[PDB]
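Data first, discussion second: the structure below is written as structure tokens.
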Ligand SMILES: [Mn+2]
Ligand SMILES: [Mn+2]
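Chains as they are written, first to last, in PDB author numbering: chain C, 376 to 1052; chain A, 662 to 852; chain B, 1 to 90.
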């Protein structure tokens, strides 16, 4: 039993005989227990787990076991899932060091400096989080209403990197500065740090649990309200869940650290928001009911989403017992004039604080927030400067200076923020592969109204069908299609609906006329049909009737809340069913993740089983593996760390395998990995 | 002939009194006197915050009768709002770049400033539809220049602390790397 | 007594961890940079760098820094081992 020895099938299985000895048999046992635990035999399975159980047992330690003791003690065959972190990490490091990371060119790994830690000037302050905890949600609303300054939410840990780095920001980078945010910027209303694309993307692409992300941040940021975007009917998913699920999600999310639930619906249809709002209230947390903005209120030719529409909806939403009204301008369509008229009239209409969210795509985000802060807007959404601009939020640091000597200041420690922005500046360099390339102001968004995500995903879809060259026509169709469907609110997932439809029409060379004529002989994309079946809920002002029949055909249209039609779900049935599938008792959050994203959650578990807690790797490592002669330390617990040098990379054999030669904690380690080319 | 005043400091910062509001007014007088057709304010570093822009354009318009042509840079993220402030204070002309070559250390967007002032008291005089179409050509052409592109550009307010114009910052990052001090550029900005 | 820190290295540090382990005590080890590849560092339940910037032997003599670690770690006791600080009154 030595390093490098090929265990063959021919001879018996013995690796090593271990004796212990001591005056007292009790102590002979103690020593055996230590030794079995001390052994580190990697490469082949061993019976040690079994032996440990056996010397733990009171029948044995008494000296009374019989020949049937083992076969009659079922307890001896429950074995702890063994965590070999060294091994699994090296597997990962090897996989990436040889085959690269999926969906990014296999480049070579840059040498990166330690990212800059901020010099902060701290000031103790009570925080909305403190108030919420100590005195409840309504007490926070009072705190907001009695704040003169415009209050800021930091979208840097969610919408910012969703908008700019395809949602690939990683917990390891987050936790390196989380504390500095919590202490350096107490002035914040909240940090948006969950929901949106982060939930699936963390599982699906970063192989880290969003729940883990939340837990680990929640400890580091004890005085900062945590806010999440939340789709009224579907929480973080895209299937049609029954109401008991949504309530359950919320219970858990609330429990696990989330304070502020911005609740929206893709067609601003109140029935989908109602339960969730109540649910949030019931868990003692803050609930932002949200209106999504589309069109231009100061454009008389688009009267459908005129100033009245928003006022009326705001009334209705105030009526649900939401703590806060939120205006989510997904596409950055709020021009600054309109922002002043809109925030103004809504403040007249309802007494609940207004939280505004736009995107700086048009170049007009800062001036739009400025206008809105003149009209009395209570809270606005910003990103640190280094992850701000273009299709991100407007700059937190910039908006301070924009309102500096004005009637209303922004409530933020700008010196501290500028220092923190240095860390984010540095870290964003790790994400180069996901960067979207040259970004400048673009006002065409006013013409087509695609949110930043929809534009990215439709540029993808178009290239993969070889239409990348005619994207100019595709944008034009998106605009026509939107009008064809009655001029609708385009956010996820209604944005994809118009998306899919506009592609389909170009692809098959059909105009608006061609659809109305030969629609019945055409199979419209799934999304387009679900929309018109009412599976997304009911659009403002309902569907166009002729076109509905044409698209729907035989299929069963609903006109109420799709969640009523949802396949009933039992937590016990599913919890048991899952325990079998992953091989341990899942916590309530695992259950619910499984309900939300079943396939993805299982795939995440394979990845975990194969590769471990990749979460703990620095991002350049996580994405590029290692360089010859490179050394790294991976912290796994407080005081436990994997020191990993890489010393050689073998040539491949005939089976397309290579052997990588690491030193992990002063031990040579040979690791076999399939070179895939 | 545009006679030009270069802007530095912060007129609304009482601790930097050297280039206070009076300084500019007095110089503007002198320049009007030279028979210049137009007064120009050249904010090289994009230091003109938007409140200051309104006070400054305002007081200069009170001081001299020649049109004012303002030029800033969108490095801080506050170019459009600064132009907005200035256009409320009556500024006659402003300097903009097509959107595809705008932003960061360039000028603020010509297309954006139109929409920023769209339903306001004072509009921007430009054919914005035509401008948006032209911006496509510039979008495309800028791709040819990829080797010279300066990399990921985002808003940066540190310019207010150091006051380096965009060019000086580029050339001093060069000089610093070529003397192996690229790693200590933070100290160089402080100096 | 739940946890013990060995203010030492190498064979004797490992000796003690063993003794600890057999008495159901958690262990804590300390190590200089220069000793980062020492077995004893990884034979304990948790281990902590000490003496930062110092000469390596000086680090194993840095009384304050050791205790800093003893405390941030949660240790109820310290085994000195032999040599180093084991005979030191201060
Ligand atoms: Mn958004
Ligand atoms: Mn210039």
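Virtual Cβ for every residue (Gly too), placed ideally from N, Cα, C.
Bridge partners for residue i per DSSP, in chain order?
i, result
"residue 600/C", "565/C"
"residue 702/A", "666/A and 731/A"
"residue 400/C", "None, per the DSSP bridge assignment."
"residue 658/C", "Per DSSP, none; premise fails for residue 658/C."
"residue 777/C", "DSSP lists no partner for residue 777/C."
"residue 756/C", "528/C"
"residue 639/C", "606/C"
"residue 1035/C", "1024/C and 1046/C"
"residue 3/B", "26/B"
"residue 31/B", "49/B"
"residue 79/B", "6/B"
Would you mind telling me which residues of chain C sit closer than 7 Å to residue i, beta carbon to beta carbon, in chain order?
i, result
"residue 37/B", "1041"
"residue 831/A", "Neighbours of residue 831/A on chain C: none; closest Cβ ~17 Å, over 7 Å."
"residue 739/A", "741, 773, 776 and 777"
"residue 839/A", "Correct list: empty, because the minimum Cβ distance to chain C is about 19 Å."
"residue 745/A", "742"
What is the DSSP secondary structure of residue i, counted as helix, strand or coil?
i, result
"residue 1010/C", "strand"
"residue 677/A", "coil"
"residue 1052/C", "coil"
"residue 414/C", "coil"
"residue 452/C", "helix"
"residue 70/B", "helix"
"residue 1017/C", "strand"
"residue 744/A", "helix"
"residue 787/A", "coil"
"residue 46/B", "strand"
"residue 770/A", "strand"
"residue 419/C", "coil"
"residue 634/C", "coil"
"residue 405/C", "helix"
"residue 580/C", "helix"
"residue 672/C", "coil"
Determine whether the Cβ of residue i lies closer than 8 Å to any Cβ atom of chain A.
i, result
"residue 835/C", "no"
"residue 772/C", "yes"
"residue 940/C", "no"
"residue 849/C", "no"
"residue 788/C", "no"
"residue 817/C", "yes"
Is there a C-beta anywhere in chain B that falls below 8 Å from the one on residue i?
i, result
"residue 466/C", "no"
"residue 1018/C", "yes"
Can you pull the chain C neighbours of residue i, defined as C-beta to C-beta under 8 Å?
i, result
"residue 6/B", "Under the 8 Å cutoff, chain C gives no residues; its nearest Cβ is about 13 Å from residue 6/B."
"residue 18/B", "409 and 413"
At 9 Å on the CB atoms, spell out the chain A contacts of residue i, in chain order.
i, result
"residue 537/C", "Within chain A, no residue comes near residue 537/C; the closest Cβ sits about 16 Å away, beyond 9 Å."
"residue 810/C", "813"
Could you tell me whether the Cβ of residue i comes closer than 8 Å to any Cβ of chain C?
i, result
"residue 710/A", "yes"
"residue 680/A", "no"
"residue 784/A", "no"
"residue 102/B", "No answer is possible for residue 102/B: it lies beyond the span of chain B, which begins at 1 and ends at 90."
"residue 779/A", "yes"
"residue 721/A", "no"
"residue 676/A", "no"
"residue 793/A", "yes"
Please compile the residues from chain C whose C-beta is within a distance smaller than 9 Å of the C-beta of residue i.
i, result
"residue 46/B", "1012, 1013, 1014 and 1015"
"residue 683/A", "Neighbours of residue 683/A on chain C: none; closest Cβ ~18 Å, over 9 Å."
"residue 22/B", "402, 405, 406, 408 and 409"
Taking residue i as the query, report the chain A residues whose CB atoms sit under 8 Å from its CB, ordered along the chain.
i, result
"residue 673/C", "779 and 780"
Just to make sure I have the definition right: I need the residues of chain A whose C-beta is within less than 7 Å of the C-beta of residue i. Which are they?
i, result
"residue 567/C", "Simply none; closest approach about 18 Å."
Evaluate the contact criterion for the segment 895-910 of chain C versus the segment 926-936 of chain C: three or more CB pairs, one atom per stretch, below 8 Å. yes
I want to know whether the segment 693-705 of chain A touches the segment 802-816 of chain A - three or more CB-CB distances under 8 Å. no
Quick test of the definition: if touching needs 3 or more C-beta pairs under 8 Å, does the segment 634-654 of chain C touch the segment 701-715 of chain C? Result yes; three or more Cβ-Cβ pairs closer than 8 Å.
Indicate whether the contact test is met: 3 or more Cβ pairs, each with one atom in the segment 871-887 of chain C and one in the segment 825-838 of chain C, closer than 8 Å. They touch, by the three-pair rule.
Three or more C-beta pairs below 8 Å linking the segment 1016-1028 of chain C and the segment 475-495 of chain C: no
So, do the segment 980-987 of chain C and the segment 462-470 of chain C have three or more beta carbon pairs nearer to each other than 8 Å? yes
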